[PDB]
Amino acid sequence: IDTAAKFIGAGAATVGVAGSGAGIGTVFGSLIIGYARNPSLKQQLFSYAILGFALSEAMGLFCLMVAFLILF
Amino acid sequence: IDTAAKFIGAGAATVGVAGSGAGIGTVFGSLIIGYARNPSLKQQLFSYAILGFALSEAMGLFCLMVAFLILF
Amino acid sequence: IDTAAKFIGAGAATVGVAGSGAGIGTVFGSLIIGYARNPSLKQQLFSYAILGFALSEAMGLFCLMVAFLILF
Amino acid sequence: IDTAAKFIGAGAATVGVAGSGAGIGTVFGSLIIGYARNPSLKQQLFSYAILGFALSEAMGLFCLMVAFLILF
Amino acid sequence: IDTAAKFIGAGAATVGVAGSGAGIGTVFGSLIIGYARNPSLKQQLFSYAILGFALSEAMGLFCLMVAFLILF
Amino acid sequence: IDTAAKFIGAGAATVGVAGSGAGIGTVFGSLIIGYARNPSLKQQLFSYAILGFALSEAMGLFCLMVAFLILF
Amino acid sequence: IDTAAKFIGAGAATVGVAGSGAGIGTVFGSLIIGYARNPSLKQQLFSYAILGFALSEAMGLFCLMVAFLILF
Amino acid sequence: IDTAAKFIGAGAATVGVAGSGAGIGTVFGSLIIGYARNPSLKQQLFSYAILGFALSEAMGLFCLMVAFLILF
Amino acid sequence: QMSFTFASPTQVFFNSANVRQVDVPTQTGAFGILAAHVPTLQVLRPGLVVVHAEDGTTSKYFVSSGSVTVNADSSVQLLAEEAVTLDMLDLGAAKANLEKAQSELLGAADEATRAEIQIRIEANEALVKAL
Amino acid sequence: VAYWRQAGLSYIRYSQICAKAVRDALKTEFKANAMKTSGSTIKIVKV
Amino acid sequence: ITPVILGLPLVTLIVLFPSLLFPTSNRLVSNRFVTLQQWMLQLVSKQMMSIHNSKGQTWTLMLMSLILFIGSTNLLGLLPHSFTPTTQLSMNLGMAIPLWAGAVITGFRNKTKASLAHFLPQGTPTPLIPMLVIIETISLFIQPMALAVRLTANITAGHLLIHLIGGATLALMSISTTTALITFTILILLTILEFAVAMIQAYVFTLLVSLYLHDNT
Amino acid sequence: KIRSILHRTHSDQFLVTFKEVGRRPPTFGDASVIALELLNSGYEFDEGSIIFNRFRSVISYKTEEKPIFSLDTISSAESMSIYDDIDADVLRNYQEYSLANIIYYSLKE
Amino acid sequence: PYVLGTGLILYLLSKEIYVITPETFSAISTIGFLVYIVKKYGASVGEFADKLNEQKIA
């Protein structure tokens, strides 16, 4: 109960990385269709894809902090 | 029962950050292809991206307010 | 059983806010990829964006009223 | 048992309302990009968007009825 | 256990209605952004939308009968 | 426990029908926005509509096979 | 407990096939939109659609492996 | 309590792959629709689809390591 | 770089000038043709042209119609039916025209006429953009 | 084909009216040249 | 002792021959031998140099040694079994410090507090928000460095499951083959789809990360 | 002076004729005129030429002939794709416009 | 030929240095390895033309 609910509770918090996983494929997907429209690749466009993968893995890092709080 | 169900129930509310993280990859991705057609980078387009991610991570901060209310 | 299941029953209803989280990113994201085609930003498009964000936080006003019913 | 798992059965039924919330944005967001091609606002596209809002929130009504079934 | 976990098993089977609800939003959205290109409203595009919302809620009737099997 | 978990395990695999029902909403959506571009409606596009809805319902018929195996 | 939680864990892993199912529709839908733009249907674009169904069913075979390991 | 909850912890941690598989369908779709607009296929763009299918599977190896941690 | 050819039958303003961007009132509405923008062919709308020329300039224009051409080649061709620098339009006229135009729309009664008035109205709008 | 290709409408038809509408717009100063620059001494016959 | 002790020397020696053989090709011979082996680092100096410099010649060969070492180390986890579940994991943990330290050498060693000052000052991290810089210091380093270990460890995992599901199929159907051959033939092809792909993308991570180093360097 | 020459089975095979474009110049205005009406007629592309006096230098002009094509259909084929953004609209609405441009131009030449 | 023989020896050593491998876990991976050959030889016939010539050119 005390060692049980923290072992099944740390597993439910790992379903918060399904958002950052597909959220990283879209921000890197629209940059693939964006650089297809060309040509400001280096700087502007591909420099914003880092700003879009950072605000998406911020909820991932917030979810990976929760699953590690019930694991340690 | 009163403390056990508070550790496995704060983990199910951490799956509500799956919408704030996949939604952030949609609010920035549709801004990457948006400035690709260009040209209003500073103001108008990226200004509307900030008012969109704030309305995307709001369902992540309120979901982490129902998470921390079950463990603290 | 009675008080124990009321804790892991409003936590599973808190993961319903993942639809409103990414739905607000899909709605406001389309408005950022719409005003980029220009120019009916003031009214018409951004005014319709307040009709789409309300109809997406409507499911957020019915899912957060569910978890707040199993609380007190 | 009888009173316990009925409370954790209504909560997971409220997670089925995560499709209607993200369905509401992807149906009223494609019409936010339809009038961006113009000019069928209050004609054909905005009329079918209500017929698209009804087909998606019904799958939220058929899911909230299961959540009300396991509550009364 | 027997007269308990089937009440929390019909809650998890009602989470399959997050694909029939978010599949209708994707279907009745591209037939709103596609009719914006015009002029195949009747007989073609909206006729295929009847066959688009037929294989969308088909995974939902199969998910509404799975929960109905864990109740009656 | 031995009889309880099969009922709770059949519903959990029925939540894997949320990916097949939205993957049919994307394939038939991008065919509804793939027929507006014209003109090969018969063959090519809508002939590959059933070929794209076969590999996407293949994840549902395998998931509803793991849900039926815990029931029979 | 030990012969019980294996059935309430192998079912939750089948909810990982939600990305494999909705990933097959998105990779094929944009292939149906890419071949609607013409003309390299025979190899180049639909050949890459096989290289997109493989890197999307790999996150569905690795998830079905963990579900089969907790059942047999 | 100790032997059971580790099986219902790696089961809910496999529901984090639901983003790595759908996000790969989003990036490889945007490279399937991106190469349609042409012509940088054997360079530039399809060399950015490998950098996208990795960052998406980066939350698919981080989530898979947690399901391999709760088991062994 | 992109070589911008800006002309009207009346005038050539730029002729394949190494302009970095021109943002166009094509019937697209726009697409703000970047030096790295896929060659593309466009019919021109009435709106404004902004010539971001690689020179710290964006030059202002209204064009009525015509076609703009984005060659594969570095050259972009605004072939503006009427091509003006916003510099020569008459604001005063626009408003005045616009009321009038709408009025006529109120009396427009062929699909075409309506179109036309509306066109006109619109024209005044597309002028109004600037004006 | 909407309202400048109406159902019909030449793009020309449109266009010319557009441009014409531009000509209508602008200042007068310029308009002296306008019609001058958009004569239509094109008299017409079928033969 | 011997089992671990034979493996690490072997991993070095397999990289040492290529790393000695190319330096050797700079005058002799070549016969079949040298010219055949020169192809190995021609494949490196052809394939990887298509992406490298890039960051400059300076760094290029420094990374290419690791790129070959990673692929060669995974190849020395390819053939062996069992190997993946234990030894390749101890090699993934033994590569974990090298992967962590690989960002250390120039990034964290020169700037631990903000190795994103070398990697990405404004991008992933908000430069307006030093909080997001430190946050994204894990998602650009602390987690990516653990994700890079995981990144080689799922190749290891995907490779392993091919062998394991593997084995679980002919252990299931020890018929010789027979019907296990059908599934086993699939599980095989999963070798390519899992290990040989993910193995690729694992060195693609090292490519990109050492590109983002040396592209901002 | 086109009518004049043409009578050579080209009194029936005129479709239209345009007239007195000199003696007080021609213009785009005119050009648009000739352009517009030209289209409408089930005559569109039937190949042919626009044969005009292309001015070349003070001392010279060389009378040109063209290919005249306006079928959006074979302007489906080829390069059309490549410089993307196309529709039997925009195609036409350039095809049109360039017909006008040329028609004007040629005329002015 | 010599290189191929060395690679085989290495695989064996590693198989032998383990707790317990199934007939299965091996055969799979053996057909995984086995599959690669047939493509590899057709590719290998091409391979040579690149690299030896690339030396000779440089």
# chains A, B, ... in the order shown; residues from 1 in each chain; ligands from 1
call {"tool": "residues_around", "arguments": {"residues": "residue 19 of chain M", "least_positions_apart": "2", "cutoff": "10 Å", "atoms": "only C-alpha atoms", "output": "VMD selection string"}}
result
(chain K and resid 81 to 83) or (chain M and resid 15 to 17 21)
call {"tool": "calpha_fit_rmsd", "arguments": {"fixed": "chain C", "moving": "chain F"}}
result
0.5 Å
call {"tool": "residues_around", "arguments": {"residues": "residue 7 of chain I", "least_positions_apart": "3", "cutoff": "9 Å", "atoms": "only C-alpha atoms", "output": "list in words"}}
result
residues 10, 11, 12, 13, 14, 15, 77, 78, 79, 80, 81, 82 and 83 of chain I
call {"tool": "write_last_selection", "arguments": {"atoms": "C-alpha atoms", "output": "compact mmCIF listing (two decimals), in the first residue's frame"}}
result
# COMPACT_ATOMS: atom_id res chain seq x y z
CA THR I 10 3.68 51.93 -68.04
CA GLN I 11 6.89 51.64 -66.19
CA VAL I 12 9.60 49.40 -65.16
CA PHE I 13 10.63 50.09 -61.71
CA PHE I 14 12.90 47.24 -61.13
CA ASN I 15 14.23 44.99 -63.45
CA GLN I 77 8.38 39.38 -62.28
CA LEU I 78 5.76 41.54 -61.14
CA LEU I 79 3.88 42.31 -64.21
CA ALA I 80 1.46 44.61 -62.78
CA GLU I 81 -1.41 45.67 -64.75
CA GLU I 82 -1.54 48.91 -62.92
CA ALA I 83 1.51 49.26 -60.82
call {"tool": "residues_around", "arguments": {"residues": "residue 70 of chain G", "least_positions_apart": "3", "cutoff": "6 Å", "atoms": "only C-alpha atoms", "output": "mmCIF file with C-alpha atoms, in the first residue's frame"}}
result
data_model
loop_
_atom_site.group_PDB
_atom_site.id
_atom_site.type_symbol
_atom_site.label_atom_id
_atom_site.label_comp_id
_atom_site.auth_asym_id
_atom_site.auth_seq_id
_atom_site.Cartn_x
_atom_site.Cartn_y
_atom_site.Cartn_z
ATOM 1 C CA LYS G 6 -0.093 -9.178 -14.919
ATOM 2 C CA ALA G 10 -0.543 -6.195 -20.168
ATOM 3 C CA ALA G 67 2.156 -6.547 -23.554
#
call {"tool": "residues_around", "arguments": {"residues": "segment 55-59 of chain C", "least_positions_apart": "3", "cutoff": "9 Å", "atoms": "only C-alpha atoms", "output": "PDB file with N, CA, C and O atoms, in the first residue's frame"}}
result
ATOM      1  N   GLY C  16      -8.812  14.245 -18.711  1.00  0.00           N
ATOM      2  CA  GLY C  16      -9.748  14.675 -19.747  1.00  0.00           C
ATOM      3  C   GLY C  16      -9.446  16.082 -20.235  1.00  0.00           C
ATOM      4  O   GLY C  16      -9.990  16.520 -21.251  1.00  0.00           O
ATOM      5  N   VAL C  17      -8.574  16.783 -19.510  1.00  0.00           N
ATOM      6  CA  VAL C  17      -8.141  18.139 -19.866  1.00  0.00           C
ATOM      7  C   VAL C  17      -7.022  18.149 -20.917  1.00  0.00           C
ATOM      8  O   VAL C  17      -6.509  19.213 -21.274  1.00  0.00           O
ATOM      9  N   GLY C  19      -7.589  16.933 -23.940  1.00  0.00           N
ATOM     10  CA  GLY C  19      -8.326  17.252 -25.161  1.00  0.00           C
ATOM     11  C   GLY C  19      -8.495  18.748 -25.350  1.00  0.00           C
ATOM     12  O   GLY C  19      -8.429  19.250 -26.470  1.00  0.00           O
ATOM     13  N   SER C  20      -8.717  19.453 -24.242  1.00  0.00           N
ATOM     14  CA  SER C  20      -8.837  20.910 -24.251  1.00  0.00           C
ATOM     15  C   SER C  20      -7.469  21.593 -24.331  1.00  0.00           C
ATOM     16  O   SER C  20      -7.365  22.735 -24.791  1.00  0.00           O
ATOM     17  N   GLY C  21      -6.425  20.890 -23.888  1.00  0.00           N
ATOM     18  CA  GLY C  21      -5.061  21.410 -23.896  1.00  0.00           C
ATOM     19  C   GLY C  21      -4.463  21.516 -25.287  1.00  0.00           C
ATOM     20  O   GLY C  21      -3.836  22.524 -25.624  1.00  0.00           O
ATOM     21  N   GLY C  23      -6.445  21.009 -28.044  1.00  0.00           N
ATOM     22  CA  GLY C  23      -7.528  21.571 -28.854  1.00  0.00           C
ATOM     23  C   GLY C  23      -7.448  23.084 -28.946  1.00  0.00           C
ATOM     24  O   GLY C  23      -7.859  23.674 -29.947  1.00  0.00           O
ATOM     25  N   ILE C  24      -6.918  23.706 -27.892  1.00  0.00           N
ATOM     26  CA  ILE C  24      -6.671  25.147 -27.866  1.00  0.00           C
ATOM     27  C   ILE C  24      -5.417  25.506 -28.669  1.00  0.00           C
ATOM     28  O   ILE C  24      -5.272  26.636 -29.140  1.00  0.00           O
ATOM     29  N   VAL C  27      -6.658  25.129 -32.406  1.00  0.00           N
ATOM     30  CA  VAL C  27      -7.549  26.230 -32.780  1.00  0.00           C
ATOM     31  C   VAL C  27      -6.783  27.534 -32.993  1.00  0.00           C
ATOM     32  O   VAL C  27      -6.927  28.170 -34.037  1.00  0.00           O
ATOM     33  N   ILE C  50     -12.247  33.283 -30.984  1.00  0.00           N
ATOM     34  CA  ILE C  50     -12.837  33.367 -29.647  1.00  0.00           C
ATOM     35  C   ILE C  50     -14.112  32.516 -29.536  1.00  0.00           C
ATOM     36  O   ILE C  50     -14.600  32.259 -28.435  1.00  0.00           O
ATOM     37  N   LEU C  51     -14.641  32.092 -30.684  1.00  0.00           N
ATOM     38  CA  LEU C  51     -15.788  31.185 -30.741  1.00  0.00           C
ATOM     39  C   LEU C  51     -15.326  29.728 -30.737  1.00  0.00           C
ATOM     40  O   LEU C  51     -16.044  28.841 -30.267  1.00  0.00           O
ATOM     41  N   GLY C  52     -14.125  29.493 -31.263  1.00  0.00           N
ATOM     42  CA  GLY C  52     -13.529  28.162 -31.301  1.00  0.00           C
ATOM     43  C   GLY C  52     -12.816  27.788 -30.018  1.00  0.00           C
ATOM     44  O   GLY C  52     -12.764  26.611 -29.653  1.00  0.00           O
ATOM     45  N   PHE C  62     -16.590  21.224 -18.542  1.00  0.00           N
ATOM     46  CA  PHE C  62     -17.407  20.061 -18.200  1.00  0.00           C
ATOM     47  C   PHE C  62     -16.564  18.913 -17.630  1.00  0.00           C
ATOM     48  O   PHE C  62     -17.103  17.998 -17.007  1.00  0.00           O
ATOM     49  N   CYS C  63     -15.250  18.974 -17.845  1.00  0.00           N
ATOM     50  CA  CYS C  63     -14.319  17.966 -17.326  1.00  0.00           C
ATOM     51  C   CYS C  63     -13.691  18.377 -15.991  1.00  0.00           C
ATOM     52  O   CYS C  63     -13.328  17.515 -15.182  1.00  0.00           O
ATOM     53  N   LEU C  64     -13.560  19.686 -15.770  1.00  0.00           N
ATOM     54  CA  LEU C  64     -13.037  20.228 -14.511  1.00  0.00           C
ATOM     55  C   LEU C  64     -14.134  20.382 -13.457  1.00  0.00           C
ATOM     56  O   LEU C  64     -13.845  20.523 -12.267  1.00  0.00           O
TER      57      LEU C  64
ATOM     58  N   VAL D  17     -13.847  11.988 -23.019  1.00  0.00           N
ATOM     59  CA  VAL D  17     -14.239  13.341 -23.422  1.00  0.00           C
ATOM     60  C   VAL D  17     -13.015  14.182 -23.817  1.00  0.00           C
ATOM     61  O   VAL D  17     -13.097  15.413 -23.906  1.00  0.00           O
ATOM     62  N   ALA D  18     -11.891  13.506 -24.052  1.00  0.00           N
ATOM     63  CA  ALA D  18     -10.662  14.144 -24.527  1.00  0.00           C
ATOM     64  C   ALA D  18     -10.580  14.137 -26.057  1.00  0.00           C
ATOM     65  O   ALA D  18      -9.731  14.813 -26.643  1.00  0.00           O
ATOM     66  N   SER D  20     -13.501  14.755 -27.951  1.00  0.00           N
ATOM     67  CA  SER D  20     -14.442  15.808 -28.334  1.00  0.00           C
ATOM     68  C   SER D  20     -13.824  17.202 -28.205  1.00  0.00           C
ATOM     69  O   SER D  20     -14.111  18.088 -29.012  1.00  0.00           O
ATOM     70  N   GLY D  21     -12.978  17.383 -27.192  1.00  0.00           N
ATOM     71  CA  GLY D  21     -12.303  18.659 -26.939  1.00  0.00           C
ATOM     72  C   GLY D  21     -11.240  19.002 -27.967  1.00  0.00           C
ATOM     73  O   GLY D  21     -11.091  20.163 -28.352  1.00  0.00           O
ATOM     74  N   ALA D  22     -10.492  17.986 -28.401  1.00  0.00           N
ATOM     75  CA  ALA D  22      -9.498  18.142 -29.463  1.00  0.00           C
ATOM     76  C   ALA D  22     -10.130  17.967 -30.845  1.00  0.00           C
ATOM     77  O   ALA D  22      -9.543  18.348 -31.862  1.00  0.00           O
ATOM     78  N   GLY D  23     -11.325  17.381 -30.870  1.00  0.00           N
ATOM     79  CA  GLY D  23     -12.120  17.291 -32.088  1.00  0.00           C
ATOM     80  C   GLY D  23     -12.814  18.605 -32.391  1.00  0.00           C
ATOM     81  O   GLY D  23     -13.034  18.940 -33.554  1.00  0.00           O
ATOM     82  N   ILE D  24     -13.156  19.347 -31.337  1.00  0.00           N
ATOM     83  CA  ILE D  24     -13.813  20.653 -31.467  1.00  0.00           C
ATOM     84  C   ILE D  24     -12.886  21.715 -32.055  1.00  0.00           C
ATOM     85  O   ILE D  24     -13.335  22.613 -32.766  1.00  0.00           O
ATOM     86  N   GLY D  25     -11.595  21.607 -31.751  1.00  0.00           N
ATOM     87  CA  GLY D  25     -10.593  22.538 -32.262  1.00  0.00           C
ATOM     88  C   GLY D  25     -10.158  22.242 -33.688  1.00  0.00           C
ATOM     89  O   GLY D  25      -9.877  23.160 -34.458  1.00  0.00           O
ATOM     90  N   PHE D  28     -13.361  23.327 -35.861  1.00  0.00           N
ATOM     91  CA  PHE D  28     -13.580  24.775 -35.884  1.00  0.00           C
ATOM     92  C   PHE D  28     -12.268  25.532 -36.128  1.00  0.00           C
ATOM     93  O   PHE D  28     -12.217  26.762 -36.023  1.00  0.00           O
ATOM     94  N   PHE D  53     -19.425  20.271 -35.525  1.00  0.00           N
ATOM     95  CA  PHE D  53     -19.353  20.434 -34.074  1.00  0.00           C
ATOM     96  C   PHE D  53     -20.328  19.491 -33.370  1.00  0.00           C
ATOM     97  O   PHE D  53     -20.092  19.080 -32.232  1.00  0.00           O
ATOM     98  N   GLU D  57     -19.163  16.453 -30.659  1.00  0.00           N
ATOM     99  CA  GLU D  57     -19.629  16.621 -29.279  1.00  0.00           C
ATOM    100  C   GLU D  57     -20.699  15.593 -28.902  1.00  0.00           C
ATOM    101  O   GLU D  57     -21.071  15.482 -27.731  1.00  0.00           O
ATOM    102  N   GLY D  60     -18.941  13.005 -27.387  1.00  0.00           N
ATOM    103  CA  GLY D  60     -18.669  13.491 -26.035  1.00  0.00           C
ATOM    104  C   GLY D  60     -19.905  13.371 -25.157  1.00  0.00           C
ATOM    105  O   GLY D  60     -19.799  13.315 -23.930  1.00  0.00           O
TER     106      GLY D  60
END
call {"tool": "select_by_dssp", "arguments": {"residues": "segment 11-116 of chain I", "states": "helix (DSSP H, G or I)", "output": "list in words"}}
result
residues 86, 87, 88, 91, 92, 93, 94, 95, 96, 97, 98, 99, 100, 101, 102, 103, 104, 105, 106, 111, 112, 113, 114, 115 and 116 of chain I
call {"tool": "write_last_selection", "arguments": {"atoms": "N, CA, C and O atoms", "output": "short mmCIF file (atom, residue, chain, number, x, y, z; two decimals), in the first residue's frame"}}
result
data_model
loop_
_atom_site.label_atom_id
_atom_site.label_comp_id
_atom_site.auth_asym_id
_atom_site.auth_seq_id
_atom_site.Cartn_x
_atom_site.Cartn_y
_atom_site.Cartn_z
N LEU I 86 2.86 53.36 -53.69
CA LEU I 86 1.69 53.87 -53.03
C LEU I 86 1.58 55.36 -53.07
O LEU I 86 0.49 55.92 -53.04
N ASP I 87 2.74 56.01 -53.20
CA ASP I 87 3.05 57.36 -53.52
C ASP I 87 2.14 58.15 -54.44
O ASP I 87 2.15 59.37 -54.37
N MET I 88 1.38 57.51 -55.36
CA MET I 88 0.62 58.25 -56.36
C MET I 88 -0.86 58.00 -56.27
O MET I 88 -1.65 58.53 -57.04
N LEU I 91 -6.01 58.96 -51.80
CA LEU I 91 -6.74 58.60 -50.64
C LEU I 91 -8.11 59.15 -50.68
O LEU I 91 -9.09 58.43 -50.52
N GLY I 92 -8.19 60.48 -50.91
CA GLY I 92 -9.41 61.24 -50.98
C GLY I 92 -10.40 60.61 -51.87
O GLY I 92 -11.58 60.44 -51.56
N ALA I 93 -9.86 60.24 -53.06
CA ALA I 93 -10.60 59.66 -54.11
C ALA I 93 -11.10 58.38 -53.62
O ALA I 93 -12.29 58.18 -53.70
N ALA I 94 -10.24 57.51 -53.07
CA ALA I 94 -10.62 56.23 -52.55
C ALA I 94 -11.84 56.20 -51.72
O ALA I 94 -12.74 55.43 -51.98
N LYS I 95 -11.91 57.02 -50.67
CA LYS I 95 -13.06 57.05 -49.83
C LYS I 95 -14.26 57.39 -50.54
O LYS I 95 -15.21 56.63 -50.53
N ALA I 96 -14.20 58.53 -51.22
CA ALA I 96 -15.24 58.99 -52.05
C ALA I 96 -15.67 57.97 -53.02
O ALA I 96 -16.81 57.77 -53.36
N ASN I 97 -14.75 57.25 -53.57
CA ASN I 97 -15.09 56.25 -54.50
C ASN I 97 -15.73 55.15 -53.84
O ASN I 97 -16.57 54.51 -54.42
N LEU I 98 -15.25 54.83 -52.67
CA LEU I 98 -15.72 53.73 -51.97
C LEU I 98 -17.10 53.86 -51.57
O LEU I 98 -17.82 52.89 -51.69
N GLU I 99 -17.56 55.03 -51.10
CA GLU I 99 -18.96 55.10 -50.79
C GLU I 99 -19.77 54.84 -51.96
O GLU I 99 -20.59 53.94 -51.95
N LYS I 100 -19.46 55.60 -53.00
CA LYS I 100 -20.09 55.52 -54.28
C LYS I 100 -20.16 54.14 -54.82
O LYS I 100 -21.20 53.68 -55.27
N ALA I 101 -19.03 53.43 -54.80
CA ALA I 101 -18.84 52.10 -55.27
C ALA I 101 -19.79 51.22 -54.59
O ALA I 101 -20.54 50.53 -55.25
N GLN I 102 -19.83 51.23 -53.24
CA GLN I 102 -20.76 50.42 -52.49
C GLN I 102 -22.16 50.62 -52.85
O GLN I 102 -22.94 49.72 -52.63
N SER I 103 -22.47 51.86 -53.24
CA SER I 103 -23.78 52.35 -53.52
C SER I 103 -24.22 51.70 -54.73
O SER I 103 -25.30 51.13 -54.83
N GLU I 104 -23.32 51.74 -55.69
CA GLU I 104 -23.51 51.08 -56.91
C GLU I 104 -23.67 49.63 -56.67
O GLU I 104 -24.54 49.03 -57.24
N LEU I 105 -22.93 49.00 -55.76
CA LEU I 105 -23.16 47.65 -55.40
C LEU I 105 -24.53 47.40 -54.95
O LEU I 105 -25.15 46.42 -55.32
N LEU I 106 -25.07 48.33 -54.14
CA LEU I 106 -26.44 48.27 -53.71
C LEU I 106 -27.37 48.27 -54.85
O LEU I 106 -28.47 47.75 -54.76
N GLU I 111 -24.64 39.34 -61.74
CA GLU I 111 -23.66 38.59 -61.05
C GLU I 111 -22.36 39.20 -61.27
O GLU I 111 -21.61 39.47 -60.35
N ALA I 112 -22.14 39.47 -62.56
CA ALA I 112 -21.05 40.19 -63.07
C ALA I 112 -21.03 41.56 -62.54
O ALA I 112 -20.00 41.97 -62.09
N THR I 113 -22.13 42.31 -62.56
CA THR I 113 -22.13 43.68 -62.12
C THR I 113 -21.76 43.79 -60.72
O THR I 113 -20.96 44.60 -60.33
N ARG I 114 -22.37 42.94 -59.93
CA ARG I 114 -22.20 42.80 -58.55
C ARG I 114 -20.81 42.54 -58.29
O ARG I 114 -20.18 43.24 -57.53
N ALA I 115 -20.29 41.54 -59.00
CA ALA I 115 -18.93 41.22 -59.01
C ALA I 115 -18.09 42.40 -59.17
O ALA I 115 -17.19 42.63 -58.43
N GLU I 116 -18.41 43.16 -60.18
CA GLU I 116 -17.79 44.34 -60.59
C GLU I 116 -17.82 45.47 -59.69
O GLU I 116 -16.90 46.26 -59.65
#
call {"tool": "closest_residue", "arguments": {"among": "K:189, K:14, K:131, K:78", "to": "chain G", "atoms": "only C-alpha atoms"}}
result
K:189
call {"tool": "interface_residues", "arguments": {"of": "chain L", "to": "chain H", "cutoff": "10 Å", "atoms": "only C-alpha atoms", "output": "ChimeraX atom specification"}}
result
/L:81-85
call {"tool": "residues_around", "arguments": {"residues": "segment 22-32 of chain M", "least_positions_apart": "5", "cutoff": "10 Å", "atoms": "only C-alpha atoms", "output": "NGL selection string"}}
result
(:K and (78-82 or 159-174 or 176-177 or 180-181 or 183-192)) or (:M and (15 or 37))
call {"tool": "residues_around", "arguments": {"residues": "residue 15 of chain H", "least_positions_apart": "4", "cutoff": "8 Å", "atoms": "only C-alpha atoms", "output": "JSON, numbers by chain"}}
result
{"A": [14, 15, 18], "G": [12, 13, 14, 15, 16], "H": [11]}
call {"tool": "decode", "arguments": {"residues": "segment 18-43 of chain B", "atoms": "C-alpha atoms", "output": "short mmCIF file (atom, residue, chain, number, x, y, z; two decimals), in the first residue's frame"}}
result
data_model
loop_
_atom_site.label_atom_id
_atom_site.label_comp_id
_atom_site.auth_asym_id
_atom_site.auth_seq_id
_atom_site.Cartn_x
_atom_site.Cartn_y
_atom_site.Cartn_z
CA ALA B 18 -0.02 15.32 -22.54
CA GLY B 19 -2.34 17.94 -24.06
CA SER B 20 -0.19 20.94 -23.09
CA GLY B 21 2.93 19.32 -24.64
CA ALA B 22 1.41 18.07 -27.89
CA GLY B 23 -0.57 21.31 -28.18
CA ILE B 24 2.63 23.36 -27.83
CA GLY B 25 4.05 21.50 -30.85
CA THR B 26 0.92 22.54 -32.74
CA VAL B 27 0.97 26.20 -31.60
CA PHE B 28 4.62 26.59 -32.66
CA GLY B 29 4.50 24.31 -35.73
CA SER B 30 1.59 26.26 -37.22
CA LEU B 31 3.74 29.34 -36.54
CA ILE B 32 6.73 27.85 -38.40
CA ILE B 33 4.70 27.27 -41.58
CA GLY B 34 2.99 30.62 -40.85
CA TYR B 35 6.15 32.74 -41.06
CA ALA B 36 7.26 30.53 -43.98
CA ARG B 37 4.55 32.18 -46.08
CA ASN B 38 5.88 35.23 -44.20
CA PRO B 39 6.68 38.15 -43.55
CA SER B 40 5.30 39.57 -40.29
CA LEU B 41 7.79 37.84 -37.95
CA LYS B 42 8.04 40.31 -35.03
CA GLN B 43 4.44 41.40 -34.25
#
